[PDB]
Structures are given as C-alpha cells and as structure tokens.
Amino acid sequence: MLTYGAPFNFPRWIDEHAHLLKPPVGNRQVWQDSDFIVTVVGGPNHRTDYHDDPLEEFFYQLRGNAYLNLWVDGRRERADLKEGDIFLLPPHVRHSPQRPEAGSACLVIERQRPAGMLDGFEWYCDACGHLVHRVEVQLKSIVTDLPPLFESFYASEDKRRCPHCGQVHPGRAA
C-alpha cells in the first residue's frame, strides 16, 4: 500500500500549516513513522545549541531566509540559507540553525537513526569558545526527546559553566 498516502500539493500544505510554522511549535514533520524524516521548519526561532547529527541533513529553503552557525575547521562559520538555496550537511558538522523570519519555510530531510547511533547537542562558550556542555541522545521523537534536554541546560548554572574560563553561558537567549 501507499503507507504514506498519495501525492499532494506542497505549497498548499505549507499554507495550511502556517499556524504551526511559528512559535511555540515552529516545525511540522510531513509523514510519520517513515525512514526519511521530512520536516518543514518555520520561524522565527533563534537558538544557542549546536547539533552533532551522525548522518547527513538536507536543506531546501523554500520561503524566506535563514542561516546555520557552524563549526568548520575549528572556526566559527556561517552558511546562509537564502530563499531558494539547497544544501547538504555532512555527518557531524556542528550546526545551530537560526531562522529570524516569520513566514519562512525550510524543507529539512534527515534519516531515522538506528539504535546505537547517537545525536549530540552542545553549547560553546561565547568568551573563549571552549565546549561548555554536551548531551548525547538516542533520537526517537524530537517532541519528547529534545525539549527537556534544552530545558535542563538553561536551568543549570553547573551545566552552563565553561570549564576553561569559568564564564556561565547565558542559556536560552545568546
């Protein structure tokens, strides 16, 4: 059977989920229980966490503009996702998506992670650039597996304290 239903018009679907493509929800997965995790991500949303994905991530910025803060070659860098850009991110490149625009919409495609292949989420010190904290997770459902993780970082000065310079990371907002 067509487990995932018939084809359907993507722009209309994005329009009809506009109320979810903004805070507090911000994104919406298109199909459930698939190997390909296909998500539309709206805005605005800024964040301070860096994602260490053990597999590739595909981006197609359909509407509006965004950017990825990255660590590449040991430096902080930015990759801009201008409206109409596509991009393939290699495994493990640390990235922190920033989505300043309301009404923006990005197609993001990932793979289900097999058991034992963990995702990393980490924060870096704004003063000295040292790793402040890292949590690894077996990512099964982002709705339940990720928000508490971020919440526990914001709530702990211990977790936010830079082991190098002692600066306490701001937490939720940069």
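Rigid core: the largest C-alpha set superposing within 1.5 Å between the two forms. Note that residue numbering follows the sequence shown and begins at 1.
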**Q.** More variable segment, 151-159 or 15-23 [Cα RMS over structures in 5 other deposited structures of this protein, core-superposed]
**A.** 15-23
Q. Which of the two stretches, 138-146 or 55-63, moves more in 5 other deposited structures of this protein when the core is held fixed, judged by C-alpha RMS distance?
A. 138-146
Q: Look up the CA B-factors in the entry and say which stretch, 7-15 or 155-163, has the higher mean.
A: 155-163
**Q.** Comparing 125-133 with 58-66, the one whose average Cα B-factor in the PDB entry is higher
**A.** 125-133
Q. Of the options 143, 38, 41, 117, which has the highest CA B factor as deposited?
A. 143
(Q) Just to confirm, going by the entry's C-alpha B-factors, which of 74, 91, 103, 100 comes out highest? (A) 74
